[PDB]
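Tertiary structure, described
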Amino acid sequence: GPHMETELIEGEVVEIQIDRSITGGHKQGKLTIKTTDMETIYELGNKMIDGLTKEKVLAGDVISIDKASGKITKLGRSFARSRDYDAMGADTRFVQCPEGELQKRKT
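What counts and how
Residues numbered from 1 in each chain as written, not as in the entry; some residues may be left out. Heavy atoms only, no water. Buried < 20%, exposed > 50% of the residue type's maximum accessible area, 1.4 Å probe, protein only. Helix = DSSP H or I, 4+ residues; strand = E, 2+ residues; numbered from the N terminus. Arc of directions from axis to C-beta. Contact = heavy atoms within 4.5 Å. Salt bridge = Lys/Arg side-chain N within 4 Å of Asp/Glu carboxyl O. 1 Å grid on protein atoms, 1.4 Å probe; cavity = no way out; pocket = protein on both sides within 12 Å on 5 of 7 lines; lining within 4 Å. Points joined across faces, edges and corners; volume = space filled by probe spheres on them. Nonpolar A, V, L, I, M, F, W, Y, C, P; charged D, E, K, R; others polar.

Structure determination for the deposited model, as stated in its record, used solution NMR.

With the PDB entry as reference, the protein is termed RuvB-like protein 2, source organism Saccharomyces cerevisiae.

Next up, the structure:
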C-alpha cells in the first residue's frame, strides 16, 4: 500500500447527507467525496457520523476515513478558518491546542 496498506478514503467533501431521524443507536448518512479522479459516494455508519462530527466536517472540507478503525481525519487542503496570521505580537491568543503532535514536526 501507499504509506500504509489500510483501506482509506480521502477527498474534498462535495455533499453531506446525515440522518436526523435515526435513534441514538446507529446513525447513518451518505457522503459525497471528490477524489483524485472523480466524486464517489460513501455510506456513513454511526462511527463515521461520530468521526465527521468530531472533525466538524462540512461541505468544502477534506477528510479521510479509516475503514478499519472507523476514524475520520481532516487532511488540511480544503479547510475552514485556518489561522493565516502568524505575526502574533499583540495577538495574545496563543491557543495552540494540543490536538495530537503526531511526529515531532515542531515549529
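Turning our eyes to something else, we now look at helix α1 (residues 46-55). Within α1, burial applies to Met-48, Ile-49, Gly-51 and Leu-52. Down the axis, α1 shows its buried residues gathered within 165° of arc, on one side only. For α1, the secondary structure elements touched by its buried residues are β1 (8-18), β2 (29-34), β3 (39-44), β4 (62-66) and β5 (72-74). A positive backbone phi angle near 60° is found at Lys-56, which sits one or two residues after α1.

The backbone of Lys-56 shows a phi angle near 60°, a positive value even though the residue is not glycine. Structurally, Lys-56 can be placed in the loop between α1 and β4. Taking relative accessible area as the criterion, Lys-56 reaches 55% and is therefore assigned exposed. Here the phi dihedral of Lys-106 falls at roughly 70°; this positive angle occurs in a residue that is not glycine.

Next up on the list: the pattern of salt bridges. Counting across every chain of the model gives seven salt bridges. The residue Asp-66 makes a salt bridge to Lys-71 at a minimum N-O spacing of 3.0 Å. Looking at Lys-71, the relative accessible area reads 31%, which means it is partly exposed. By sharing partners, the salt bridges in this structure join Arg-83, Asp-91 and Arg-93 into a single network.

Next up on the list: the layout of surface pockets. Considering only enclosed or pocket space, the largest pocket measures out at about 1,500 Å³ in volume. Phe-79, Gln-96, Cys-97, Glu-99 and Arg-105 are, among the 28 residues lining the largest pocket, the residues nearest its centre. Among the elements of the structure, α1 and β5 are those that each provide at least two residues to the lining of the largest pocket. Residue composition of the lining of the largest pocket, grouped by class: nine nonpolar, seven polar and twelve charged. The calculated volume of the second largest pocket comes to roughly 170 Å³. Every residue along the wall of the second largest pocket is listed here: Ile-16, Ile-18, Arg-20, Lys-27, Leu-31, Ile-49, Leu-52, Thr-53, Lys-56, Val-57 and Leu-58. Residue assignment for the lining of the second largest pocket shows that the elements contributing at least two residues are β1 and α1. It is α1 that provides the largest number of residues to the lining of the second largest pocket, a total of three residues. When grouped by side-chain class, the residues that make up the lining of the second largest pocket number seven nonpolar, one polar and three charged.

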